[PDB]
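Asker: Here's a structure for you.
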Amino acid sequence: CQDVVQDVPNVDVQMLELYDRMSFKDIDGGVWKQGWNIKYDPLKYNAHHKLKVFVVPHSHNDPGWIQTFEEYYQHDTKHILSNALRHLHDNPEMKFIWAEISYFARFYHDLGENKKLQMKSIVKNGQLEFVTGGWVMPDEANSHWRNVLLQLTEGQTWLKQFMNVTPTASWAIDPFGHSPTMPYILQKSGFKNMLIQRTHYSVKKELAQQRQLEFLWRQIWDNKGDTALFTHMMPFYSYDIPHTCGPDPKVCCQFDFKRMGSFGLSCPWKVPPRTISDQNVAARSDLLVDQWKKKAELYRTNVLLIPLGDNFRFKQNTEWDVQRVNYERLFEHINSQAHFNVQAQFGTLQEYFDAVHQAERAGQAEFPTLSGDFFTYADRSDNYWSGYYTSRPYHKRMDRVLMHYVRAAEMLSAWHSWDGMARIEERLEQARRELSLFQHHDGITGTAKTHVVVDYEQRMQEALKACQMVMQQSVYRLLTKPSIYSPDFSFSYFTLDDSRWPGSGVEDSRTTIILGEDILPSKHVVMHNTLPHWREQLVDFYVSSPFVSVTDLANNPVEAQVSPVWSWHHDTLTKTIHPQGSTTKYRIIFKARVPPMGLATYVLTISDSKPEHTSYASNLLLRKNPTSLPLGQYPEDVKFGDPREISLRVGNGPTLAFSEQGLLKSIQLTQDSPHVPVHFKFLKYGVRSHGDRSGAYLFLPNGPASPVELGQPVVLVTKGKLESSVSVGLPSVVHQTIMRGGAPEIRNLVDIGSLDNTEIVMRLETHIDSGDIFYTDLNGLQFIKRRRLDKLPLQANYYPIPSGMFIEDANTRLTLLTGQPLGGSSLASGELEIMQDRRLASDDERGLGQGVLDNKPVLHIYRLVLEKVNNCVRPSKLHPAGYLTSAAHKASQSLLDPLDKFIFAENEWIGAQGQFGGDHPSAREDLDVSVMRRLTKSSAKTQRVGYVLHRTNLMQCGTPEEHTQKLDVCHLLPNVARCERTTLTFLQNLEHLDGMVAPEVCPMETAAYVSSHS
Ligand SMILES: *[C@H]1O[C@H](CO)[C@@H](O)[C@H](O)[C@H]1NC(C)=O
Ligand SMILES: [Zn+2]
């Protein structure tokens, strides 16, 4: 196992280092506006060394953006694919590449058998080639690596099954900036090459000058280089035709033959394309070949890639003809004119890469190595695309919730083989597909039109219901005496109870467990733990009486705490935001203990009076002019007082101090230790009154943020033995700090209401001496070192915060973990900030055609970890990576993969069992079974179950942390007959395992195993 901490990889280009040295000057470079006038030596090519040119036709199709997936499919995509089939079938030499399997699968299943065969043959013969092969071309900023793998697997599994092909070349031309998480997953999924396009114009210029646009992209911690994946970065501003034939768009535009008039398109550079003829082909070829040779100067081999396409192109037969015929005329002339020393033809992406490597092997080029990422993207001037790290935050939070439900549903039902009548495979496939679809770069990015966002939401909503159905049927089967188990596959044995989604104040969707002497004395509830280690976590449920006690199934009492159900209201009459307590429902909280990847059953029983093992929280409402707050049977009267500072401590945990406005002020780790200054503050960014406007994509602040005026907010303090919290109703945000004994949890109920052109940010101010350094994660997979650069505008120092960020000095670290991807930064030493929501009245000219005015209440959740790190073994100062501590990592897991809670629906659960998985191995804390998926239907003689195992890397800080069991996923199910290591998509067997034992992976590595059972 490589050491991912102590050895700084040696690479030719390290992006943080490059950023430190680069000037980023935006000067006019001529026709190549962001480059320079390329010159080449005409004698470079000759009869013994020709320029091999591959023109690759393509059509960028968005699975929803301006229209919904289905609208686009009916209006454009089905026509594009139908005509591609006809045209490639009839013109053997024509080629075309396709990226989005969601659309292809939709099309193919609608084809008659005769056309399905024609399609399979033009794929088999190399004319139509799939690039990447994912359900979509995902966003790379906000997406969790788990969902990136999920969507890749969904598209490639379909391709293997129906087209009998597995792409080994990736094509990502529209995501806004690129992440190294892509080559990470791709290289572990059989890929050999990848192509990217949207990277900062300054970066393109810099790498172009050094001919480092093609490189071996390895992970920042990879000292050996085994994670390396050959990567081609396109050099220009766009992937459209004007920006793909060479440096001068005024010239290249003339070779987009769809722009002559009848199609309603034209060249903005005022010179239109002209039909190629025998009288102008020599002159047209002169111009084109010159653009090609200039583009070739930016690369190292004699093989040139010329993409030929744009958004939703190749829709009409006449378009296919006009592009094909004119290019064939050019190729015939050019290839027969020796003086050009060029051989051009239509080709696919893989053809290009194969030729490149052939040149490489012939010793004509050697490629530089590179590590780092390509955020934050700017396509021109100061237009940095960091707004989409936050746009439509409700759905960004929804993404993480569904991510977990999908994993829990696939895992819970994987334990058994199911009769087709159970519709398990059906519901799981629909859930994987709707979540996969949302990974699209206009999905989770929040860059689609309003009605399209609604469509993604409804799809995800159906996906959540599908997961619930599968999960509850699974729990019922897993915890019911086999000879008693009598399932109705359409019945709801349990209903899921989720405390954080949609969340309190977002939607009253939770069911109250209704108990009563005259109706029902008790109720069984079950918790599931998808993580592969024993886990304890407080869980809460709503009950119709405060006199409730909890026991496990051996009938041992469980210490519980009851608290009121508080809801915040913006009182339009008193013009204040204050809480109201329920007089009929209450919250019961207790510690659940659940086996690794298992279940644990508990019972809630009503009593006529305060039960022995249940305590009641005190409540204190701080505000001037208070009014009574009755709580029905709740045994403790609410107390009142004028606003004042407060301190709280739960268990032996930290002690936290709050200001009289209910905001954190300091954290004291231990009895003796100091009260470390940690202050939460809320601010707002505006929009510029002149110049470019912020929109769904762009963050263009009109200067540093200004504090939100808080007035004299109402603060509610609940103090309990198991859980305490401080909540305050601020303008646009009900901010809540919850304490259960460890790092506190922070929840923000964000309702930006109608505050137009406003972006609300949550900031932490500390005295940590971080200087200009901070860390943010990439797709929940790794933490990368960031350096605030004052030579760049504010918005450029914003980065995606998909799951966490931290700052530190020699002695102290503050880590903020998130349950949703948002945008953030550290704009000053000792600071951390993350945007909550943004509402923008204007469009930002990238094609969306609207601002962002469809905001809705969202509940953002976080864990805030203050820790001493002076004893931790950390990477040296030049290492580009950072690593979490055990506490920070578990806090992230508590947000992304919490225990699942199920309430039994009928009055009596006959045959109920108290636990499942008690014998499952409790793996070391840095290991996770990211995916558990049964890969075969019940009719298969040999059952197969796939597992994706990921081991992160946690800092060694002196904690002994011992006694853990080896996890062999190949033996989790009985009767194993074979164990194989496979690509992450489970599509290719890479290793036949001895003793049928799946070994554990190394720190920062991910492996997939498939066990076969007889
Ligand atoms: C396509 O896959 C392989 C080529 O890699 C070929 O040998 C096989 O015949 C095809 N798959 C089918 C139809 O089983
Ligand atoms: Zn797109």
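Residue numbers start at 1 in each chain; chains themselves are named A, B, ... in the order of the structure tokens; ligands are numbered from 1 in the order shown.
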Can I get the residues close to ligand 1 as a PyMOL selection string, where close means within 10 Å and we count only C-alpha atoms and all ligand atoms?
Answerer: chain A and resi 120+124+160-166
Asker: For the residues selected in the previous step, produce a file with N, CA, C and O atoms as a PDB file, in the first residue's frame.
Answerer:
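Below is the file part-v3.pdb, written as the result:
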```pdb
ATOM      1  N   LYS A 120     -27.346  -2.030 -34.013  1.00  0.00           N
ATOM      2  CA  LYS A 120     -26.280  -2.855 -33.470  1.00  0.00           C
ATOM      3  C   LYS A 120     -25.163  -3.021 -34.492  1.00  0.00           C
ATOM      4  O   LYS A 120     -23.995  -3.069 -34.116  1.00  0.00           O
ATOM      5  N   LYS A 124     -21.263  -2.115 -33.924  1.00  0.00           N
ATOM      6  CA  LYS A 124     -20.300  -3.204 -34.033  1.00  0.00           C
ATOM      7  C   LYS A 124     -19.204  -2.905 -35.060  1.00  0.00           C
ATOM      8  O   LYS A 124     -18.046  -3.225 -34.828  1.00  0.00           O
ATOM      9  N   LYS A 160     -23.488  -2.786 -22.250  1.00  0.00           N
ATOM     10  CA  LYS A 160     -22.953  -4.149 -22.361  1.00  0.00           C
ATOM     11  C   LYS A 160     -24.066  -5.110 -22.751  1.00  0.00           C
ATOM     12  O   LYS A 160     -23.919  -5.950 -23.619  1.00  0.00           O
ATOM     13  N   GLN A 161     -25.194  -4.956 -22.092  1.00  0.00           N
ATOM     14  CA  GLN A 161     -26.302  -5.841 -22.326  1.00  0.00           C
ATOM     15  C   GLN A 161     -26.898  -5.777 -23.724  1.00  0.00           C
ATOM     16  O   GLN A 161     -27.097  -6.806 -24.370  1.00  0.00           O
ATOM     17  N   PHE A 162     -27.203  -4.570 -24.187  1.00  0.00           N
ATOM     18  CA  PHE A 162     -27.828  -4.402 -25.480  1.00  0.00           C
ATOM     19  C   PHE A 162     -26.958  -4.066 -26.681  1.00  0.00           C
ATOM     20  O   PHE A 162     -27.371  -4.314 -27.815  1.00  0.00           O
ATOM     21  N   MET A 163     -25.802  -3.458 -26.459  1.00  0.00           N
ATOM     22  CA  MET A 163     -24.942  -3.084 -27.585  1.00  0.00           C
ATOM     23  C   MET A 163     -23.662  -3.909 -27.574  1.00  0.00           C
ATOM     24  O   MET A 163     -22.856  -3.835 -28.513  1.00  0.00           O
ATOM     25  N   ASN A 164     -23.455  -4.661 -26.494  1.00  0.00           N
ATOM     26  CA  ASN A 164     -22.279  -5.518 -26.361  1.00  0.00           C
ATOM     27  C   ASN A 164     -20.953  -4.722 -26.488  1.00  0.00           C
ATOM     28  O   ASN A 164     -20.019  -5.169 -27.149  1.00  0.00           O
ATOM     29  N   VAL A 165     -20.897  -3.535 -25.882  1.00  0.00           N
ATOM     30  CA  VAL A 165     -19.700  -2.687 -25.898  1.00  0.00           C
ATOM     31  C   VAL A 165     -19.544  -1.961 -24.565  1.00  0.00           C
ATOM     32  O   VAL A 165     -20.538  -1.633 -23.912  1.00  0.00           O
ATOM     33  N   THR A 166     -18.289  -1.712 -24.197  1.00  0.00           N
ATOM     34  CA  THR A 166     -17.917  -0.990 -22.993  1.00  0.00           C
ATOM     35  C   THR A 166     -16.892   0.098 -23.382  1.00  0.00           C
ATOM     36  O   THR A 166     -15.729  -0.208 -23.659  1.00  0.00           O
TER      37      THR A 166
END
```
Asker: Name the residues of segment 158-223 of chain A that fall into strand (DSSP E) according to DSSP on the backbone, using the chain letters and numbers of this document, as a PyMOL selection string.
Answerer: chain A and resi 169-172+193-196+214-217
Asker: So which one's closest to residue 181 of chain A, A:219, A:930, A:850, A:147? Using only C-alpha atoms, please.
Answerer: A:219
Asker: Which residues are near ligand 2 - at most 7 Å, using only C-alpha atoms and all ligand atoms? Format: as a CSV table (one decimal) with N, CA and C atoms, in the first residue's frame.
Answerer:
```
chain,number,residue,atom,x,y,z
A,60,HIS,N,-24.2,17.5,-28.9
A,60,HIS,CA,-24.3,17.6,-27.4
A,60,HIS,C,-25.8,17.6,-27.0
A,61,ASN,N,-26.3,16.6,-26.4
A,61,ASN,CA,-27.7,16.5,-25.9
A,61,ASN,C,-27.8,16.5,-24.4
A,62,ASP,N,-28.6,17.4,-24.0
A,62,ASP,CA,-28.9,17.6,-22.5
A,62,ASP,C,-30.1,16.9,-22.0
A,174,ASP,N,-19.1,19.6,-21.5
A,174,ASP,CA,-19.9,20.7,-21.0
A,174,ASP,C,-19.9,21.0,-19.5
A,441,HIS,N,-25.2,17.6,-15.9
A,441,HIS,CA,-24.6,19.0,-15.6
A,441,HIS,C,-25.6,20.2,-15.6
A,442,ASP,N,-26.9,19.9,-15.8
A,442,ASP,CA,-27.9,21.0,-15.6
A,442,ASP,C,-29.0,20.5,-14.5
```
Asker: Restricting the calculation to only C-alpha atoms: of A:880, A:830, A:729, A:1003, which residue gets closest to residue 18 of chain A?
Answerer: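 Comparing A:880, A:830, A:729, A:1003 against residue 18 of chain A, the winner is A:880.
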Asker: May I have a table of the residues of segment 850-931 of chain A lying at most 10 Å from segment 768-783 of chain A, giving each one's closest pair of atoms and their distance in Å to one decimal, counting only C-alpha atoms, ordered by chain and ascending residue number, as JSON lines?
Answerer:
```
{"residue": "A:880", "atom": "CA", "partner": "A:783", "partner_atom": "CA", "distance": 9.0}
{"residue": "A:881", "atom": "CA", "partner": "A:783", "partner_atom": "CA", "distance": 5.9}
{"residue": "A:882", "atom": "CA", "partner": "A:783", "partner_atom": "CA", "distance": 5.3}
{"residue": "A:883", "atom": "CA", "partner": "A:783", "partner_atom": "CA", "distance": 6.2}
{"residue": "A:884", "atom": "CA", "partner": "A:783", "partner_atom": "CA", "distance": 8.0}
{"residue": "A:892", "atom": "CA", "partner": "A:780", "partner_atom": "CA", "distance": 9.3}
{"residue": "A:896", "atom": "CA", "partner": "A:780", "partner_atom": "CA", "distance": 9.9}
```
Asker: Save the residues we just selected, N, CA, C and O atoms, as a PDB file, in the first residue's frame?
Answerer:
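What follows is the written file selection_29.pdb:
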```
ATOM      1  N   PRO A 880      -0.191  18.480  -1.926  1.00  0.00           N
ATOM      2  CA  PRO A 880      -1.450  19.110  -2.370  1.00  0.00           C
ATOM      3  C   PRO A 880      -2.732  18.612  -1.696  1.00  0.00           C
ATOM      4  O   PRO A 880      -3.811  19.135  -1.974  1.00  0.00           O
ATOM      5  N   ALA A 881      -2.627  17.590  -0.844  1.00  0.00           N
ATOM      6  CA  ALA A 881      -3.799  17.040  -0.185  1.00  0.00           C
ATOM      7  C   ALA A 881      -3.895  17.284   1.309  1.00  0.00           C
ATOM      8  O   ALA A 881      -2.916  17.650   1.973  1.00  0.00           O
ATOM      9  N   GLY A 882      -5.093  17.000   1.828  1.00  0.00           N
ATOM     10  CA  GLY A 882      -5.362  17.106   3.247  1.00  0.00           C
ATOM     11  C   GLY A 882      -6.206  15.908   3.622  1.00  0.00           C
ATOM     12  O   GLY A 882      -6.851  15.306   2.734  1.00  0.00           O
ATOM     13  N   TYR A 883      -6.222  15.555   4.906  1.00  0.00           N
ATOM     14  CA  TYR A 883      -7.010  14.409   5.374  1.00  0.00           C
ATOM     15  C   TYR A 883      -7.781  14.697   6.655  1.00  0.00           C
ATOM     16  O   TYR A 883      -7.325  15.427   7.530  1.00  0.00           O
ATOM     17  N   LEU A 884      -8.959  14.113   6.756  1.00  0.00           N
ATOM     18  CA  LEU A 884      -9.791  14.276   7.935  1.00  0.00           C
ATOM     19  C   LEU A 884      -9.298  13.426   9.097  1.00  0.00           C
ATOM     20  O   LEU A 884      -8.505  12.475   8.933  1.00  0.00           O
ATOM     21  N   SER A 892     -19.069  13.317   9.113  1.00  0.00           N
ATOM     22  CA  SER A 892     -19.560  13.369   7.725  1.00  0.00           C
ATOM     23  C   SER A 892     -20.501  12.187   7.485  1.00  0.00           C
ATOM     24  O   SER A 892     -21.555  12.321   6.857  1.00  0.00           O
ATOM     25  N   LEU A 896     -24.379  12.112   5.872  1.00  0.00           N
ATOM     26  CA  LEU A 896     -24.680  11.476   4.595  1.00  0.00           C
ATOM     27  C   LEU A 896     -25.336  10.117   4.706  1.00  0.00           C
ATOM     28  O   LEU A 896     -26.158   9.778   3.877  1.00  0.00           O
TER      29      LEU A 896
END
```
Asker: Write out as a VMD selection string the residues lying within 12 Å of residue 676 of chain A, counting only C-alpha atoms and excluding same-chain residues fewer than 6 positions away.
Answerer: chain A and resid 654 to 657 664 to 670 765 to 768 812 to 814 866 to 868
Asker: List the neighbours of residue 482 of chain A out to 12 Å using only C-alpha atoms; skip same-chain residues closer than 4 positions along the sequence, and give me the result as a PyMOL selection string.
Answerer: chain A and resi 476-478+486-487+910-913
Asker: With only C-alpha atoms as the basis for distance, which of A:1007, A:831, A:479, A:191 is at the shortest distance from residue 677 of chain A?
Answerer: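 Looking only at the distances to residue 677 of chain A, the closest residue turns out to be A:831.
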